[PDB]
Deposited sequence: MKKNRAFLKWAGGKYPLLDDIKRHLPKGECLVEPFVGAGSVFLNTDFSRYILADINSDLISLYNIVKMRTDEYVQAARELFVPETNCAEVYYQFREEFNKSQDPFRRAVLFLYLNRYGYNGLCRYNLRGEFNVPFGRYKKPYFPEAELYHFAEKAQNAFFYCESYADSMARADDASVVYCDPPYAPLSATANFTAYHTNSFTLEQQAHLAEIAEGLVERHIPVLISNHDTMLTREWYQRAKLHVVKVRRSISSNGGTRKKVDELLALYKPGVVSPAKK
């Protein structure tokens, strides 16, 4: 059970067990929607292509991979409890939105993930990071998980681009896994259907794919050519396998 250094108070590491059963095997894993990394951190492919639209995330991750120690040392400073209050939370948020420094930004970013309302990552229309304070007991600085990430990252490349572009990188030796933002009970319905159409194209070329989403009509409509598996846990959750 390997933890992500970033919180997703989605709390979405239970699926992992069913994800791993259903996920085929291969040399490379492409993740067009990497987010916090849990699939990557709990699998053993020999390489990884890891992609996301969020350039803060990708920048952060290149920095953890290539500037490990300087980063880890710099970031821990920010976990002393002088910083566990609103006034300095709001102080850091502003610095972040003002900053032009990739490194300092990555550093503060981890703070806002951890002291932030629900570990949410959101932006306003103006592009400013938008989430408020979370008033959590005492946040844990994820030192161990940082080093794990960085070690495992030596077999990964990270890109900042949209699912369609990362999905074109896949090859006969690849396997794609997709965790798009969830279906209804910003990421449009036409994009959700475009993702399935791209997955259909990749089986025709012998490249396996597996997608996660909620269980709904919409979801079953888009994934109609996949083997479906329903997963229990708070409505159910679907996993759509496209196998050759």
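**Prompt:** What gaps appear when the modelled C-alpha atoms are mapped onto the deposited sequence?
**Reply:** Missing CA coords at 1-2, 188-199, 248-259, 271-278.
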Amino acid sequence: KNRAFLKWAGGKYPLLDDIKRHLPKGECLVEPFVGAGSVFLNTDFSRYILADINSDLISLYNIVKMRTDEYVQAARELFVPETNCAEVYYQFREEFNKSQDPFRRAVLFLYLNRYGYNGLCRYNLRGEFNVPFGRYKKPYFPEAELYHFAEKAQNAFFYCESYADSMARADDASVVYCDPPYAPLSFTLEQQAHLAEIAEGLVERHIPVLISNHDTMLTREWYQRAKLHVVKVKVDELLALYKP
From here on, numbers count along this sequence of modelled residues.
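Between two forms, the rigid core is the largest collection of C-alphas that superpose within 1.5 Å.
**Asked** Superpose by the rigid core: which stretch, 5-13 or 218-226, shows more Cα shift in 5 other deposited structures of this protein?
**Response** So, of the two stretches, the farther one in 5 other deposited structures of this protein is 5-13.
**Which of 92-100 and 133-141 strays further in 5 other deposited structures of this protein - Cα RMS after rigid core alignment** = When 92-100 and 133-141 are compared in 5 other deposited structures of this protein, the bigger C-alpha shift is seen for 133-141.
**Message:** Compared with other deposited entries of this protein, is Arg21 missing coordinates in at least a third of those that cover its neighbours?
**Reply:** Across the other compared entries, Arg21 is absent from none.
**Asked** In at least one third of the other PDB entries compared, is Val231 left unmodelled?
**Response** Counting only entries that model residues on both sides, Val231 is resolved in every one of them.
**170-178 set against 73-81, stretch whose average Cα temperature factor tops the other in the entry** = Here the higher of the two C-alpha B-factor means belongs to 73-81.
**Prompt:** Out of 102-110 and 128-136, which stretch has the higher average CA B-factor listed in the record?
**Reply:** The deposited B-factors put 128-136 ahead on the C-alpha mean.
**Request:** Place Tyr159 in the lowest, middle or highest third of its chain's C-alpha B-factors, as listed in the PDB entry.
**Result:** It falls in the bottom third of the chain.
**Prompt:** Comparing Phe141 with the other modelled residues of its chain, is its CA B-factor in the lowest, middle or highest third?
**Reply:** Highest third, going by the recorded CA B-factors of the chain.
**Relative C-alpha B-factor of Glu151, binned into the chain's lowest, middle or highest third** = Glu151: CA B-factor falls in the middle third of its chain.
**Prompt:** Taking the entry's C-alpha B-factors for this chain, is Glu87 in the lowest, middle or highest third?
**Reply:** Highest third, going by the recorded CA B-factors of the chain.
**Request:** Report the third (lowest, middle or highest) to which the CA temperature factor of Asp215 belongs, ranking only the modelled residues of the same chain.
**Result:** Within its chain, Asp215 is a middle-third residue by C-alpha B-factor, going by the deposited values.
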